[PDB]
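Report on the following structure.
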Ligand code: NI
């Protein structure tokens, strides 16, 4: 049944709750972003109102064939009224089209649902600064102090310099980048930009990317693989067997692969600096695991919550084990006592 942490009290609203059938007494289904654990259950057969960003609305229509009459896109940073309740969508700094939702309840409570987010100081200057938030439904994916990672900027710098060096040393090398959902587009687009190539990909992936309102995208992507030296493949195929295979397919146009797997976290982060990352190599194939995250680190998350000072926190991730739940609650209490709220 629909968990309590996907329900907004005092409303008829749910968040990211499409896999439970008809939720009893739900008058509006909000969708924070187009990732499968969150959209699971949507299709052309869905007939209730769906509220979301423009970008997410584009993916619903074109990828899942949801009918237009049930899609309610909302502009960001704009006060809107939904079934008699004031709401605002804010940028979540997650994947394209991902939002946080501010609910202004009739009784005076103010609720922020982060959806999936990467907290950032820039959020401290949105419409959030303008009033107090009573309850926070928090993306706690990396809520433990071992989760550190570099900025997105440092990671992109590492990937660009790596790729540029490799191809300039060997103009017959191919670069490959893995993907399994929207998000992390900067990795492959930044690399193609430094190499003077477009990114080649499957028709289905090109279609997805054309839904995202990314500026000048027609200049960066293509379905012509032959004309491109940066190839996007399913994450599953980013291994020595899958890459040896792909290389056979290019028919002696290329003689080396340099491949990137943007992971969330991996335990090399506790020890290793971004400067110090090395690939796994076999023959003429190298694979780099890079810590490009679109979720908050522990310290980023803490700064955001100590800034916001919510009266009550409801975690939305890692809620299935007692030991996880109990550890997170301990961190929230620390943060509150350290900051004085
Ligand atoms: Ni997500």
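Read the figures in this text as sums done on the coordinates, not as results from a lab. Backbone-built Cβ (ideal geometry, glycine too); neighbour counts: all protein chains shown.
Computed values, structure above
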| read-out | value |
| --- | --- |
| Rounded to 5, the percent of DSSP beta bridges in the chain classed as antiparallel | 35 percent |
| Highest-MSF residue in the chain out of 306, 131, 19 [GNM, Cα springs under 10 Å] | 131 |
| Part-to-part distance (alpha-carbon centres) for the range 189-214 and the range 87-107, which is given in Å | 27 Å |
| GNM top mover of 281, 78, 321 - the chain, alpha-carbon springs below 10 Å | 321 |
| Pairwise FRET efficiency - residue 237 versus residue 284, Cβ, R0 = 25 Å, nearest 0.05 | 0.90 |
| Three-way shape call for the range 39-122 based on the alpha-carbon gyration tensor, with the a/c threshold at 1.5 | oblate |
| Helix 152-169 vs. the chain, principal-axis angle (Cα, 0 to 90°, nearest 10) | 10 degrees |
| Estimated FRET transfer efficiency when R0 is 35 angstrom, pair residue 270-residue 126 (beta carbons, to 0.05) | 0.60 |
| Highest-MSF residue in the chain out of 97, 251, 115 [GNM, Cα springs under 10 Å] | 251 |
| The range 120-163 residues near the modelled residue 336 label - backbone nitrogen below 20 Å, point 7 Å along Cα→Cβ | 132-141, 143-145 |
| Cα centroid separation, the range 306-341 to the range 234-275 (Å) | 37 Å |
| Helical mean residue ellipticity (222 nm; -39500 (n - 2.57) per DSSP H run of 4+; nearest 500) of the chain | -8500 deg cm²/dmol |
| Packing-based order for 106-112, 312-318, using average beta carbon neighbours within 10 Å, highest first | 312-318, 106-112 |
| Segments 252-259, 20-27 sorted - mean Cβ within 10 Å per residue, highest first | 252-259, 20-27 |
| Inter-centroid distance (Cα atoms) of the range 26-60 relative to the range 130-169, Å | 26 Å |
| Beta bridges by DSSP in the range 148-295, antiparallel share as percent, to the nearest 5 | 15 percent |
| Antiparallel content of DSSP bridges confined to the range 1-109, in %, to 5 | 55 percent |
| Listed peptides 124-130, 203-209 by packing density, highest first (mean Cβ within 10 Å) | 203-209, 124-130 |
| FRET E, pair residue 40, residue 107, Förster distance 22 Å, beta-carbon r, rounded to 0.05 | 0.10 |
| C-alpha long axis of helix 185-195 to longest principal axis of the chain, angle in ° | 30 degrees |
| Cα→Cβ-extended label distance, 7 Å offset, between residue 325 and residue 245, nm | 4.1 nm |
| Spacing of the two label points (7 Å from each Cα toward its C-beta) at residue 253 and residue 224, in nm | 1.0 nm |
